[PDB]
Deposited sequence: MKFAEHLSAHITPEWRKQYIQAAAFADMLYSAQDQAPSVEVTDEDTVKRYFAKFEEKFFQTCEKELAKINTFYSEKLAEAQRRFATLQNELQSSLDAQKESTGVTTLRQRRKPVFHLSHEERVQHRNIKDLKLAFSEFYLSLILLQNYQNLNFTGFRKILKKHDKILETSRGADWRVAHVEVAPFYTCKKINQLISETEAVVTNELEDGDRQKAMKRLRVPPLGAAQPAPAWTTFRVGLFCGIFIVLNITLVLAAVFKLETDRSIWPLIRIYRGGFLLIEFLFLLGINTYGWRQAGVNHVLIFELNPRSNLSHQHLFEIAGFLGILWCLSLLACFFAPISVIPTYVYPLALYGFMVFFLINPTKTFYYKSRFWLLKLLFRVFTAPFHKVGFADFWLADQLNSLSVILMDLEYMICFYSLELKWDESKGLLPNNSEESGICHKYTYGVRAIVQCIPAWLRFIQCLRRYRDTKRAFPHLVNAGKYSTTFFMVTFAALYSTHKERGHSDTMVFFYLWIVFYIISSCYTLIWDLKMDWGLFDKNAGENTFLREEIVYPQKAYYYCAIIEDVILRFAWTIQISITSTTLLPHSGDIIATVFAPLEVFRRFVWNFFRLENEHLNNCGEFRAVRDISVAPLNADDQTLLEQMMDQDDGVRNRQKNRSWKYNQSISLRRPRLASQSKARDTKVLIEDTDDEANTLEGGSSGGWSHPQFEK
């Protein structure tokens, strides 16, 4: 833990705090209500979810290292240059500084020639360039490993599914709103944005063509084909076929939600039965993922609970109360997770859908933040598939 790294973490955090406060007062006072800000909120929602995910991942690394979870061995990382929680805090703070600067430039641009629509373009282009720059520049090893993971995950059936690919695909499953906002950004730029004055003032916000439904299922598709690949490598059905079944319930729920969405403005009598199928598959998907979490992901509700009631025997975290609020928050937010996926899969809430999505996506990142703790603790305690060698 070098002193300059901690100093950079504090410096970036302080600049981020003051820039967030400035953003707040700018929104109340400087921001004008004439311009529609929803596309801006969607683009910067994708950015903010990425930064929040990095910050919560830093907290996750802190918890793993100071609880005993050997995440370095589980992630199959070299125990020489593994990213510490401080480095994740530094990256999150730096990208948050860029995000806040881009947002402030969108509110008031202190440049006469530069237009407003380039600040999101410049911000996300800077994220991409920082990720893919060939030179041995900041954190070269970390982003090279991350880029290899991003290549292996998005081409799943052709690579053996290790722990890192599975984990990253699940994080993308929680961060599907980032892909959704990226697709919305591309569609808005290509179709709806007038490259004349600004990004304020749309066909890309509905399911006229249903492309973002494929985008929504993309992380579920990667996880589905990863489970199928694991079945192909190891001819066993209990973990992998049932997990792929869970992801296919996500598939059916999303597509039935989309069918109901297009059928409202259409008007066939099959709309009511498409509803009924939607609640059926919504309940199936929500309970499937929730029971999978508590039983196979977290490992709780074991029959060897002992003193730790409604939990497992071995526990590495200090307070059982943490496990209990984790269970409660998982039950609450898994239904909200399916709800937000459903409304993002439909167009029937053009009044509240945007706000409920914008306030539930950070809660979904927080759910996966809590999910990481107990998932990797369960993997550390007893192997779940991806070790095949020892318990640790």
Checklist line | In sequence order, the deposited-sequence ranges that have no modelled C-alpha atom | finding: 1 to 228, 430 to 437, 629 to 712
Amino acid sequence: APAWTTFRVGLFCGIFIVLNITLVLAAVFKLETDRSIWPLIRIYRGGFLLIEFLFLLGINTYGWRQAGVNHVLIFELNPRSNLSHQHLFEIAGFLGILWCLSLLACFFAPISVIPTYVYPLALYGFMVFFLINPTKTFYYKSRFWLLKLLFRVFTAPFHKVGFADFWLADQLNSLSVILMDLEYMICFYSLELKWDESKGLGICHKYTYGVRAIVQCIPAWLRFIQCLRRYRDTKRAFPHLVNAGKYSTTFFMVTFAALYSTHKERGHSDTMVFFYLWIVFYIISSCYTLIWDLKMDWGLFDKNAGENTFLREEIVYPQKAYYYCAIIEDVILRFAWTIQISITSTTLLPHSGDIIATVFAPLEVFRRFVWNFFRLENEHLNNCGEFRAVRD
From here on, numbers count along this sequence of modelled residues.
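Between two forms, the rigid core is defined as the largest C-alpha subset superposing within 1.5 Å.
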Next item on the list: Between 332 to 340 and 55 to 63, report the one with more C-alpha displacement in 7 other deposited structures of this protein relative to this form after a rigid core superposition.
Entry: 332 to 340
Next item on the list: Determine, for 259 to 267 and 316 to 324, which one has C-alphas that on average lie farther from this form in 7 other deposited structures of this protein; superpose on the rigid core first.
Entry: 259 to 267
Check: When the other entries of this protein are compared, is residue 246 unmodelled in at least a third of them?
Finding: no
Check: Is residue 160 without coordinates in at least a third of the other compared PDB entries of this protein that model the residues flanking it?
Finding: no
